[PDB]
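To start, the structure itself, in structure tokens.
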Amino acid sequence: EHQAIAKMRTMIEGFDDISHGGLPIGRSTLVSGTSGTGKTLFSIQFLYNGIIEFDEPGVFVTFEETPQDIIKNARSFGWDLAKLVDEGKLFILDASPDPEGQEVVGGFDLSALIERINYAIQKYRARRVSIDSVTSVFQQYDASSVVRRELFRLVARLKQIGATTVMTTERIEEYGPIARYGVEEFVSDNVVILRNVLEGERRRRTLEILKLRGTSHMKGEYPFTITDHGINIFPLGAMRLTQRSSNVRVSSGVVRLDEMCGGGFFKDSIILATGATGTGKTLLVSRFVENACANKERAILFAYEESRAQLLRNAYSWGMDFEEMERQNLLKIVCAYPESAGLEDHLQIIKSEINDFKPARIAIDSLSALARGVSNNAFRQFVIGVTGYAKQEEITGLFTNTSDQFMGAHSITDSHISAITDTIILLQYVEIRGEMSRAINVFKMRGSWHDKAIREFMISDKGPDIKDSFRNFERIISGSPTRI
Amino acid sequence: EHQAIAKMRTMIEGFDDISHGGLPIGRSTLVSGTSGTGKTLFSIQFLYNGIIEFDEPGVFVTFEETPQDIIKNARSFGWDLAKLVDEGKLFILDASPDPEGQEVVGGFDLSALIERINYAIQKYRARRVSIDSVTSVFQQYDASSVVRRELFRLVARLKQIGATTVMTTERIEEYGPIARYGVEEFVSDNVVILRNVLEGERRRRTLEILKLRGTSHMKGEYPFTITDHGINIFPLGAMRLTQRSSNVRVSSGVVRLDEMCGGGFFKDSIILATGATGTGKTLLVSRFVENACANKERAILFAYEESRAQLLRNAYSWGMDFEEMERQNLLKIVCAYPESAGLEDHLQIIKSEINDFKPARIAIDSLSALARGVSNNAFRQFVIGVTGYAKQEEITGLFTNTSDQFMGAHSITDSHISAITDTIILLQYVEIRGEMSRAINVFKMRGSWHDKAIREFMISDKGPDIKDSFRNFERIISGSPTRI
Amino acid sequence: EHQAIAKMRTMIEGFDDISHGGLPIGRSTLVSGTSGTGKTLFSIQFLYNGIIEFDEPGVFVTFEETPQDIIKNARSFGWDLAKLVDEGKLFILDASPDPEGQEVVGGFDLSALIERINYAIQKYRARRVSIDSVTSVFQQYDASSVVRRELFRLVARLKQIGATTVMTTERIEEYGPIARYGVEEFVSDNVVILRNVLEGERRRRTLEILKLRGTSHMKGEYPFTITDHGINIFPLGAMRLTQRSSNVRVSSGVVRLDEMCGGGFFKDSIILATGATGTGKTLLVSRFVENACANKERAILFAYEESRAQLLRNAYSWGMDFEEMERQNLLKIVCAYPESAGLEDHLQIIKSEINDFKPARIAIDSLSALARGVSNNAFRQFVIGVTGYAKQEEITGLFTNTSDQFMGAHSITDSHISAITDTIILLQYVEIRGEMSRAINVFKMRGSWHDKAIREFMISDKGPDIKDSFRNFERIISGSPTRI
Ligand SMILES: Nc1ncnc2c1ncn2[C@@H]1O[C@H](COP(=O)(O)OP(=O)(O)OP(=O)(O)O)[C@@H](O)[C@H]1O
Ligand SMILES: Nc1ncnc2c1ncn2[C@@H]1O[C@H](COP(=O)(O)OP(=O)(O)OP(=O)(O)O)[C@@H](O)[C@H]1O
Ligand SMILES: Nc1ncnc2c1ncn2[C@@H]1O[C@H](COP(=O)(O)OP(=O)(O)OP(=O)(O)O)[C@@H](O)[C@H]1O
Ligand SMILES: Nc1ncnc2c1ncn2[C@@H]1O[C@H](COP(=O)(O)OP(=O)(O)OP(=O)(O)O)[C@@H](O)[C@H]1O
Ligand SMILES: Nc1ncnc2c1ncn2[C@@H]1O[C@H](COP(=O)(O)OP(=O)(O)OP(=O)(O)O)[C@@H](O)[C@H]1O
Ligand SMILES: Nc1ncnc2c1ncn2[C@@H]1O[C@H](COP(=O)(O)OP(=O)(O)OP(=O)(O)O)[C@@H](O)[C@H]1O
Ligand SMILES: [Mg+2]
Ligand SMILES: [Mg+2]
Ligand SMILES: [Mg+2]
Ligand SMILES: [Mg+2]
Ligand SMILES: [Mg+2]
Ligand SMILES: [Mg+2]
Ligand SMILES: [Mg+2]
Ligand SMILES: [Mg+2]
Ligand SMILES: [Mg+2]
Ligand SMILES: [Mg+2]
């Protein structure tokens, strides 16, 4: 690796990519954020992984949380630090005050502390050190100048010993100064900022490596989630554009359509189905799913508009029995409101379910539903994310999109995802003789030829029946054609 | 223990969903909010439910409000604490100052206080403790650093006694620091934020669990309302997408309509009637209510546009007698201006009326009326609300929508709810031979077949007469056809 | 007293509707706001209304203004305080400092005053007290901490005393902290905020009951005014949708029009005349107002576009004499530019005059003129106000609206009021053979059946003459027809 600085791996999903390999060894990383951002979690996970993956003893210095609590809280992610303390791989160095205390101590303690820590490190042959809430130590009565010396002194001796350190710091504003005293930022070798931005009553956690003296790294903010497994990062912009592509074809579930697509959809492709309410995107999805099961293949249907029940009532009405699909353990239906969590979550949920089910086909009914509230920029990042995972996973995926206006829609999508998709399937109403008839169309395909006709189609208990084109009409797209 | 972190239930409607079980046992939780946000209410309702639901004795430490008052006010919600005091189930520890104050009390009190609290905890075998305004205590002449210690101490000692406590703190900026000294947030293991956000002369009460060291919890803000039954929170993002579905139909009040819908509306469905003013949605709504009492069933009509008297005058003129409807106790008309309150409130009023009247059918005349002033995201949240609640209750609901523009409308809804609804009914004006005639169209029906025609219809004393389509016109969807 | 919180009416118009009863008895209510928000006025009008409505003596404690001025000023609203002081009903407890003095007199008088006050309370059998500018007292040299103690002592004492008080406080920002020391907020049992919101060089006073401990109240801000009869608040959200409705008919003033509305306008209804400039709204208004005089009924015409003198001319050129109308005291013209006062002030002026002339009919020439500048929500809130009052007052109302664009207007009103109105009349230009001809059209009626034809009409010295429809045309609504 062409980087001048030797790094250690956090083994924290996504972090090592963001930091181009992990935390510089022998240095210290300031990890700061507002309340409940995941600082303690980040540092504990840092020592944990260190012990489990590389047998690297760790020293956890705590200034506010009690050693029992640090061990009790860790059980939230099924981590047993008590077992590690007994094995002598983890040492929690208690430096929290006692509920009786006095006044004055943040100085010689800084010298006593260093000596304490050098003892633990030497005794336990420690390779990693995280210092949780150093902020609270000189949070006794100090100014910025006194803080710079004490921190620098701490960091400096830690570097002499050779310990790779992680120091947590608190902030009050999500975007203003990096840390409380506006001094930590510059004493540290590297700086990580954990945010938890509000905006729209939802909460989005992001991680940012602001600086790493010596090497490069990914810049900006990256979304993450805390789970029963700790921190989980998606470097959405680290996603390389090297997806495998094959000319393999797969049916859509509708024979006539497959012809229209010049032999069916591609396996390695993303399909977009757009049209106004009532056109039949939801239907098309059903048929897309069923076909994956009719060939003994798994498929997931992430529904964001219809209940699990309704999805069954309507599917049966179109024939195709979903009950059996789930029993045979070939079709897995999800279902959840887009307002039940921000995009990151939705993205992460979609991924796990893709891992705990090895789907060959996936269907997200209504991206345009996920687009509610969120800003366009946030949505497209979401669309690149789903769309990208699916691609690198040889997982054919059909996406749905309802257009904000029936008849007259000038754009295939109000979100402008169009270029992100390989094959687009357009549905639309046609006002013919006082009636609302449907018309299906294969607008585009990248590897195939595809039919260029705008066929009309009817929906029956049997399903979608693709008929013929309105040859004798003008302005079909307008929605209100003229008979010529 | 060798497991995660046990939680205690607060029985506060909604909160135990948001917290994934309730408050972390053996720990304290900082509940802070600006003036009048519900901090005290929350703390009394935490003790109260702990007594009345599990018989867990409670201690209430008060620092400003007098014990007599605290009991006086609880009456507001039909809470008799004085009774619980006598039964030794609840103990109100008066720590409030006397009208003849004295200097320096930042230590004697700290341990003298715990001494008392502990004494009380042991005496009444209290399981719950809630302290009101710990803020006021060091509001004598202290700085953040001194504040941090005192809380660290108060919090630490309570832990030792093993008390599951609720601590109240006051703010000053709805989105400024979480608490008065920007320190409390980091000392507490758990933090709850209660907000009374202004915005457009209206106030919206929300609740957020910023963090609970040790476990998971729903993130973000959640709207709640303080009623005669205390705090009521609506985790609008917790409602699952597991609504029950069936092929059971229900008439509309319009037989020709029922025909166009393939045999009537589904009971388990959401219908939406859109069109310009004058087309006839308020009509379709009455014709809906009636049909619910002719089959001796109970229905509620939430009107926000026309008064109660008018709804009657116009209903009689269409025939159907609303008078009898009410007497027979099968029909209940509410009526109230959308400006009379905020969305959160309206949503609740809708629900409580559904509970006290066991409705079969429900209709909201003009969702678009409720969309006045309020942002779009707030509205959809409302629509998802009243919509899913109905869906899961087996309630057949009809929702009215008045598109901003007569003729030319390119979208069924300006708000864009058309995708959350099951069946869409479209009314529109059609300029014919210098005349303004109507038309009706069953735009979409998820489970049924429904008529695809745009039938013209007249309105008389008898009601709505759905005639034929204009099979000899072009561009009818535009309002100004072209005879051919 | 083991009952809910009992309140005491302030008799301040509107306040008792918002506060669900009035100020809670025996408790102190904080009332703060920026300079000149009506603070003093409030407390004072609180002690007055008491003396004159329930003969409850009152004690007024002033710390800055002199008793002479407090009385001299009250004269601004026709309140002879001087008299009430004599009749021992009101006692003004001067507590203002003199041009000379000393210092180091902190809580010294705070204790002495709580006596002087108790004195006058018993001495005059006082039930209501009001302390104007408590803030100015510790505005000598205190910190937030010293302020919280002094206020708690005072409030506590007055509470023991059993007095129902109103304490005045000053703010510096309309939307920042509640009171100067951000401490009063929490010390008070009730907090009311008076705001004098600037915004576009226009000032809008609003009052808000932030909290009332132990009881319910209306949330949010509320516009109010300061007139010669004291504070006047309009609970526009409190107005119920319980308006009386009848099938009585009345005449538009245009026979042919009445026929079209199927027998005329309903007495209990609101008519909206919509059209581009020149169409003729001011004509219908003229005609509508004249008709109420022909039947010796009183009617008011609130003109916001044309002057008194001009209305006369143009109306005499149409026949109808407005001169006699006024002599016969059957017609009352108003006239004022919308720019001569905020919506709040207009709405009131509209109401006051309706009370000083018992109108049976009402005409507002150009709602769209009142819509100038003001935001859309602030407008609808004015429409609903005027619309409602008229409605519950059995007064027939005709409101005019000029659409922003002539020909092609795709919406009746730009402000969207159309769903707030019972009867919609639509005037429009029709380009036929290179000439601009008119057309009248009864868009909708909630009771009657009305005509659906779009009839062209012409204006002469006789007034409006409704002719025929354009049966042989196409795209009339558009304004640029096509003959078939
Ligand atoms: N199993 C879990 N799943 C999801 N979230 C969790 C889980 N366990 C803890 N959390 C969340 O992790 C956060 C706890 O923060 P954490 O313990 O990482 O330290 P911190 O927020 O950085 O600092 P502080 O000590 O000031 O709270 C909380 O927001 C909490 O809800
Ligand atoms: N049994 C059936 N027989 C005939 N037509 C049906 C039947 N079921 C559904 N349909 C038709 O299909 C439409 C249902 O739309 P569908 O579920 O396919 O998804 P969509 O229109 O793409 O998206 P959305 O959920 O927004 O409606 C109805 O509007 C209706 O015309
Ligand atoms: N029965 C009730 N129904 C509706 N709202 C009520 C009722 N009783 C009280 N309220 C409202 O509840 C709020 C009272 O807040 P509460 O006393 O619980 O705590 P706080 O204001 O956050 O803190 P503190 O009381 O110590 O100042 C006020 O907004 C009040 O008007
Ligand atoms: N007795 C009647 N006979 C014939 N037509 C009537 C009668 N009453 C009302 N109408 C017609 O019905 C329409 C009334 O509309 P309705 O009250 O049904 O609700 P809407 O148009 O959907 O919404 P809103 O009128 O509140 O804006 C009028 O436009 C009118 O043409
Ligand atoms: N007759 C009146 N008509 C219209 N406005 C009036 C009349 N009398 C007084 N006002 C207005 O009323 C307000 C008087 O405010 P007031 O003295 O009651 O309280 P304040 O200014 O809020 O606080 P403080 O007087 O303690 O400084 C001013 O804005 C003034 O212009
Ligand atoms: N004596 C008259 N003879 C013929 N037509 C007249 C006469 N007076 C006015 N008109 C016509 O009536 C129109 C006057 O409009 P009017 O006063 O009725 O109000 P408006 O058109 O509704 O609103 P606005 O004030 O914006 O013009 C003129 O544009 C003109 O065509
Ligand atoms: Mg934190
Ligand atoms: Mg921490
Ligand atoms: Mg769908
Ligand atoms: Mg309280
Ligand atoms: Mg309407
Ligand atoms: Mg209506
Ligand atoms: Mg849709
Ligand atoms: Mg002033
Ligand atoms: Mg308070
Ligand atoms: Mg005019």
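The way I read the labels, and the way they are meant: chains A, B, ... in the order of the structure tokens, residue 1 as the first residue of every chain, and ligand 1 as the first ligand shown, with later ones counted on from there.
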Inset, instruction - Specify as a VMD selection string all residues of chain C found within 6 Å of chain B, counting only C-alpha atoms. - result: chain C and resid 4 145 153 211 214 to 215 220 to 221 237 to 238 241 to 245 377 410 to 411 444 447 452 to 454 469 to 471 475
Just the selected residues (C-alpha atoms), exported as an mmCIF file, in the first residue's frame, please.
data_model
loop_
_atom_site.group_PDB
_atom_site.id
_atom_site.type_symbol
_atom_site.label_atom_id
_atom_site.label_comp_id
_atom_site.auth_asym_id
_atom_site.auth_seq_id
_atom_site.Cartn_x
_atom_site.Cartn_y
_atom_site.Cartn_z
ATOM 1 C CA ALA C 4 -59.944 20.661 39.413
ATOM 2 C CA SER C 145 -29.883 33.011 40.532
ATOM 3 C CA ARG C 153 -40.586 34.193 47.684
ATOM 4 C CA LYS C 211 -48.673 27.091 30.057
ATOM 5 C CA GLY C 214 -53.017 21.964 36.220
ATOM 6 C CA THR C 215 -55.529 22.971 33.542
ATOM 7 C CA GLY C 220 -50.229 28.944 20.181
ATOM 8 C CA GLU C 221 -50.342 32.641 19.374
ATOM 9 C CA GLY C 237 -59.522 29.021 16.026
ATOM 10 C CA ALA C 238 -62.091 28.889 18.804
ATOM 11 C CA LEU C 241 -68.585 25.273 13.024
ATOM 12 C CA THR C 242 -72.127 25.551 14.426
ATOM 13 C CA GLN C 243 -73.542 28.136 12.017
ATOM 14 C CA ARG C 244 -77.319 28.370 11.521
ATOM 15 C CA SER C 245 -78.554 27.431 8.060
ATOM 16 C CA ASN C 377 -52.084 31.686 5.623
ATOM 17 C CA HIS C 410 -57.229 27.598 -14.238
ATOM 18 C CA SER C 411 -58.387 28.246 -10.697
ATOM 19 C CA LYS C 444 -71.712 26.152 -7.800
ATOM 20 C CA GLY C 447 -78.381 24.104 -1.780
ATOM 21 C CA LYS C 452 -74.960 25.147 -15.804
ATOM 22 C CA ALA C 453 -74.874 27.296 -18.945
ATOM 23 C CA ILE C 454 -72.192 29.957 -19.457
ATOM 24 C CA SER C 469 -74.813 30.726 -23.808
ATOM 25 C CA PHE C 470 -72.442 30.023 -26.678
ATOM 26 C CA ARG C 471 -73.910 26.628 -27.556
ATOM 27 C CA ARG C 475 -63.119 25.940 -25.374
#
Legend entry - Sel. of alpha helix (DSSP H) residues, range 298-330 of chain A, as a ChimeraX atom specification: /A:310-317,322-327
Would you save the residues from that selection as a PDB file, in the first residue's frame, using N, CA, C and O atoms?
ATOM      1  N   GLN A 310     -53.029  -6.913   2.049  1.00  0.00           N
ATOM      2  CA  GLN A 310     -53.500  -6.377   0.787  1.00  0.00           C
ATOM      3  C   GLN A 310     -52.684  -6.907  -0.380  1.00  0.00           C
ATOM      4  O   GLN A 310     -53.238  -7.230  -1.421  1.00  0.00           O
ATOM      5  N   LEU A 311     -51.368  -6.999  -0.200  1.00  0.00           N
ATOM      6  CA  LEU A 311     -50.482  -7.505  -1.249  1.00  0.00           C
ATOM      7  C   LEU A 311     -50.881  -8.912  -1.644  1.00  0.00           C
ATOM      8  O   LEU A 311     -50.619  -9.354  -2.759  1.00  0.00           O
ATOM      9  N   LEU A 312     -51.515  -9.613  -0.712  1.00  0.00           N
ATOM     10  CA  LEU A 312     -51.975 -10.977  -0.946  1.00  0.00           C
ATOM     11  C   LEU A 312     -53.376 -10.986  -1.555  1.00  0.00           C
ATOM     12  O   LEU A 312     -53.657 -11.766  -2.465  1.00  0.00           O
ATOM     13  N   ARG A 313     -54.253 -10.116  -1.060  1.00  0.00           N
ATOM     14  CA  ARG A 313     -55.608 -10.052  -1.590  1.00  0.00           C
ATOM     15  C   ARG A 313     -55.602  -9.706  -3.071  1.00  0.00           C
ATOM     16  O   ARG A 313     -56.344 -10.296  -3.855  1.00  0.00           O
ATOM     17  N   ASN A 314     -54.764  -8.742  -3.445  1.00  0.00           N
ATOM     18  CA  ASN A 314     -54.676  -8.300  -4.827  1.00  0.00           C
ATOM     19  C   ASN A 314     -53.909  -9.276  -5.718  1.00  0.00           C
ATOM     20  O   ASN A 314     -54.232  -9.432  -6.896  1.00  0.00           O
ATOM     21  N   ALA A 315     -52.897  -9.937  -5.167  1.00  0.00           N
ATOM     22  CA  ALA A 315     -52.120 -10.883  -5.956  1.00  0.00           C
ATOM     23  C   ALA A 315     -53.004 -12.052  -6.367  1.00  0.00           C
ATOM     24  O   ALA A 315     -53.012 -12.451  -7.532  1.00  0.00           O
ATOM     25  N   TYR A 316     -53.756 -12.588  -5.406  1.00  0.00           N
ATOM     26  CA  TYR A 316     -54.639 -13.715  -5.673  1.00  0.00           C
ATOM     27  C   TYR A 316     -55.633 -13.322  -6.754  1.00  0.00           C
ATOM     28  O   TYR A 316     -55.866 -14.081  -7.691  1.00  0.00           O
ATOM     29  N   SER A 317     -56.208 -12.130  -6.626  1.00  0.00           N
ATOM     30  CA  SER A 317     -57.176 -11.643  -7.606  1.00  0.00           C
ATOM     31  C   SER A 317     -56.570 -11.660  -9.011  1.00  0.00           C
ATOM     32  O   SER A 317     -57.285 -11.764 -10.005  1.00  0.00           O
ATOM     33  N   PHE A 322     -49.529 -15.987  -3.456  1.00  0.00           N
ATOM     34  CA  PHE A 322     -48.347 -15.621  -2.672  1.00  0.00           C
ATOM     35  C   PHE A 322     -48.219 -16.479  -1.415  1.00  0.00           C
ATOM     36  O   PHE A 322     -47.115 -16.693  -0.918  1.00  0.00           O
ATOM     37  N   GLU A 323     -49.346 -16.955  -0.894  1.00  0.00           N
ATOM     38  CA  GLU A 323     -49.325 -17.803   0.291  1.00  0.00           C
ATOM     39  C   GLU A 323     -48.295 -18.907   0.086  1.00  0.00           C
ATOM     40  O   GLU A 323     -47.363 -19.053   0.873  1.00  0.00           O
ATOM     41  N   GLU A 324     -48.480 -19.670  -0.987  1.00  0.00           N
ATOM     42  CA  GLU A 324     -47.607 -20.788  -1.339  1.00  0.00           C
ATOM     43  C   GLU A 324     -46.163 -20.339  -1.548  1.00  0.00           C
ATOM     44  O   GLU A 324     -45.222 -21.012  -1.133  1.00  0.00           O
ATOM     45  N   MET A 325     -46.000 -19.194  -2.198  1.00  0.00           N
ATOM     46  CA  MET A 325     -44.683 -18.635  -2.475  1.00  0.00           C
ATOM     47  C   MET A 325     -43.841 -18.522  -1.202  1.00  0.00           C
ATOM     48  O   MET A 325     -42.656 -18.853  -1.205  1.00  0.00           O
ATOM     49  N   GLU A 326     -44.459 -18.054  -0.118  1.00  0.00           N
ATOM     50  CA  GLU A 326     -43.772 -17.889   1.165  1.00  0.00           C
ATOM     51  C   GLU A 326     -43.539 -19.232   1.853  1.00  0.00           C
ATOM     52  O   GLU A 326     -42.506 -19.439   2.489  1.00  0.00           O
ATOM     53  N   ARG A 327     -44.510 -20.134   1.738  1.00  0.00           N
ATOM     54  CA  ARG A 327     -44.397 -21.457   2.337  1.00  0.00           C
ATOM     55  C   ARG A 327     -43.222 -22.180   1.687  1.00  0.00           C
ATOM     56  O   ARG A 327     -42.301 -22.620   2.372  1.00  0.00           O
TER      57      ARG A 327
END
Legend entry - Selected residue of minimal separation from ligand 4 among C:54, C:15, C:443, C:63, counting only C-alpha atoms and all ligand atoms: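 Residue with the minimum atom-to-atom distance to ligand 4: C:443.
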Legend entry - Minimum-distance residue to ligand 2, chosen among A:267, A:217, A:83, A:287 (using only C-alpha atoms and all ligand atoms):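 Closest to ligand 2 of all the choices is A:287.
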Legend entry - Near-residue 131 in chain B list (12 Å; only C-alpha atoms; drop same-chain fewer than 3 positions) as a ChimeraX atom specification: /B:28-32,39-44,46-47,58-65,91-96,113-114,117,128,134-137,154-155,158,163-169
Legend entry - Residue with smallest distance to ligand 2 - pool A:349, A:301, A:274, A:389, counting only C-alpha atoms and all ligand atoms: A:274
Considering only C-alpha atoms and all ligand atoms, give me a table of residues in chain B that are at most 8 Å from ligand 13, with the closest atom pair and distance in Å for each, as a Markdown table.
| residue | atom | partner | partner_atom_place_in_ligand_line | distance |
| --- | --- | --- | --- | --- |
| B:418 | CA | ligand 13 | 1 (Mg) | 6.7 |
| B:419 | CA | ligand 13 | 1 (Mg) | 3.9 |
| B:420 | CA | ligand 13 | 1 (Mg) | 7.3 |
Inset, instruction - Considering only C-alpha atoms and all ligand atoms, state which residue in the set B:270, B:363, B:333, B:187 is at the smallest distance from ligand 2. - result: B:270
Legend entry - Two-atom distance - CA of residue 379 in chain B, CA of residue 344 in chain B (Å):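 Calculated distance between CA of residue 379 in chain B and CA of residue 344 in chain B is 10.0 Å.
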Legend entry - residue 148 in chain A surroundings by only C-alpha atoms, 10 Å radius, close-in-sequence under 5 positions cut, as a ChimeraX atom specification: /A:143,153-154,181-187
Legend entry - Minimum-distance residue to ligand 12, chosen among B:275, B:26, B:33, B:162 (using only C-alpha atoms and all ligand atoms):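 Looking at the shortest contact to ligand 12, the residue is B:275.
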Legend entry - Top pick for closest residue to ligand 2, considering B:259, B:55, B:422, B:109 and counting only C-alpha atoms and all ligand atoms: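 For ligand 2, the nearest of the candidates is B:422.
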Inset, instruction - Would you mind reading off the distance between CA of residue 10 in chain C and CA of residue 205 in chain B, one decimal, in Å? - result: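 Taking CA of residue 10 in chain C and CA of residue 205 in chain B, their separation equals 27.5 Å.
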Legend entry - DSSP-assigned strand (DSSP E or B) among range 131-323 of chain C, expressed as a PyMOL selection string: chain C and resi 131-132+164-170+190-197+204-212+221-227+230-233+249-250+265-266+270-275+299-303
Legend entry - One-decimal distance in Å that lies between CA of residue 210 in chain C and atom 6 (C, counted along the ligand's line) of ligand 3: 10.8 Å
